[PDB]
Structures are given as structure tokens and as C-alpha cells.
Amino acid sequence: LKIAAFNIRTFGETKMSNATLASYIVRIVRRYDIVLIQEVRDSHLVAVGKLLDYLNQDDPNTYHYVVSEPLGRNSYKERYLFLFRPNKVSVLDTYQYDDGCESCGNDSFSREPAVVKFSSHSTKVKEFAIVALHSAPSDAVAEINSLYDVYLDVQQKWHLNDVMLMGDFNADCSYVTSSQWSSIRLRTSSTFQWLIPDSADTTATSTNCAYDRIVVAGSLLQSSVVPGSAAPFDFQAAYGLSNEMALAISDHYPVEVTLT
């Protein structure tokens, strides 16, 4: 079971209408049984429908989806999109984080995490949840810290300890400095294993930053992780691209991990 989180810069109609860019985005996505896509900027779901048309052109059920409404603090809005191979996992339940009122999610998160419970017979973990977050860069420490409270909310709701939390957390460089890690409960609590290290470069740009991360809780889920499998996927190196073509795809690499 190969899982990833991929921030695709301003994923939308224009990007998906570009046959070359679509082609590379499809190749990336097909590596994975579950992939989370962030920065979806698709007012009428046309780009998402287009990606699914490519993915499902030979078998209508190659991939199934979970997608949010447009989210954001202000008028700039983005969706979370999960694409999963239904012969690998089934979606049992989903919800968007609330904090107990209609618009309370926005009290702690610009883009309220989408939370998906999967059933997975091919791994040692049988049910687990994934929490998606694309944090606001200027609020990274607080939002990653609040993911602790999301994990608690998942626990109370679904009586589940096995939870993977992933996405572009903006977790490095000017947005989370070394001294600040101690204030982030998701990091200081020994309930959590951080699979992408602070040393990792997850940007397709010339910055060296571990923005994108994959965190796991739950003893069964932790036991399912294949050692050495969590890493960024450098598609510029993989596909022998120029840096310019690479940046046309996204300014982030996917982060990936394998479960068994």
C-alpha cells in the first residue's frame, strides 16, 4: 500500500488542460494507492473531473475520490482531494474538522482538515484514518500544534488510535524554526512518529525545506510502516526533467510512504 501527499501548485483547469503537465501529474498519481492532492483551485471541479477521466479511461474504477468544498480563511480558497484505488482500500467514513461549531474549524485552521477513515485488508492495520493539512505558512506552528487536537477529535469520534497526518505543513525554514518544535505537541508527544525528517528537501524549488510531512500514530499503523520507505519523491530526477519543467508541475515534491 503506497500512500502520498502532494501539493500541486495551483492545481486547476489551466494546468490540467496542458497535455504535457497532465501527463506527468497522471504518471505521479498512478504510483499510489492513496494520494492526497492539495492546492486544488477548481471552482466547478473541472480539473478534478479531468484528472479522473485520464486515470479511469481504461477501467472506470481505477481510482475513486474524496474531495472537499473550497476552504479558506478569506476569499482565496483551496480543496483537499484524495484519489484511492478501491481494489486496495475502501472509504468507511469522512468528515471535515469542526471544533464543535459550523465555522469553528476556521478558528484554528485556514483549510479545515479533511479526515478519511479507510479499510485496508492488505496491511497489518485494518482501519486507519488520514488527516490532511495544508497549513497557512504564517500560522504553521499553531496549525501543526492544533493537529494534536484534531487527533484527539478523531479518537473521540471514531474510537481509533491509528491515524496518519500528512500534507504540506510548511514545517521548516522561516515558518517553523528549530526552537519552535518544542511548542508543537504533535512533535513533542511520543504518541507520534515523524516519517519525513527535518533534513529532507521537499520543495522542487531551490529552497532546502522539509515543508511536507507524514506523521503516524497508533501502534498497529506504526508497525505497518516499511522502514526506509518514507521520502520525498523528486520527480525532476525521476523523469529527467529540466528545473523549469519541474516547476511547471509544482513547487513541491510528493512525500510518500509504504505500508505492509
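The first residue of the shown sequence is 1; numbering continues from there.
Across the other entries compared, none leave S190 without coordinates where the residues on each side are present, so it is far from a third. Modelled in this chain, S103 is nonetheless absent from a third or more of the other compared entries whose models extend past it on both sides. For the pair 220-228 and 202-210, the record assigns the higher mean C-alpha temperature factor to 220-228. When the C-alpha B-factors of 101-109 and 140-148 are averaged, 101-109 comes out higher.
Ranked by Cα temperature factor within the chain, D93 sits in the middle third according to the deposited record. Among the modelled residues of its chain, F233 has a C-alpha B-factor that falls in the lowest third according to the deposited record. Sort the chain's modelled residues by C-alpha temperature factor and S178 lands in the middle third, per the entry.
Per the PDB record, residue ranking by Cα B-factor puts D172 in the lowest third of the chain. Residue-level temperature factors show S43 in the lowest third of its chain, judged at the C-alpha atom.
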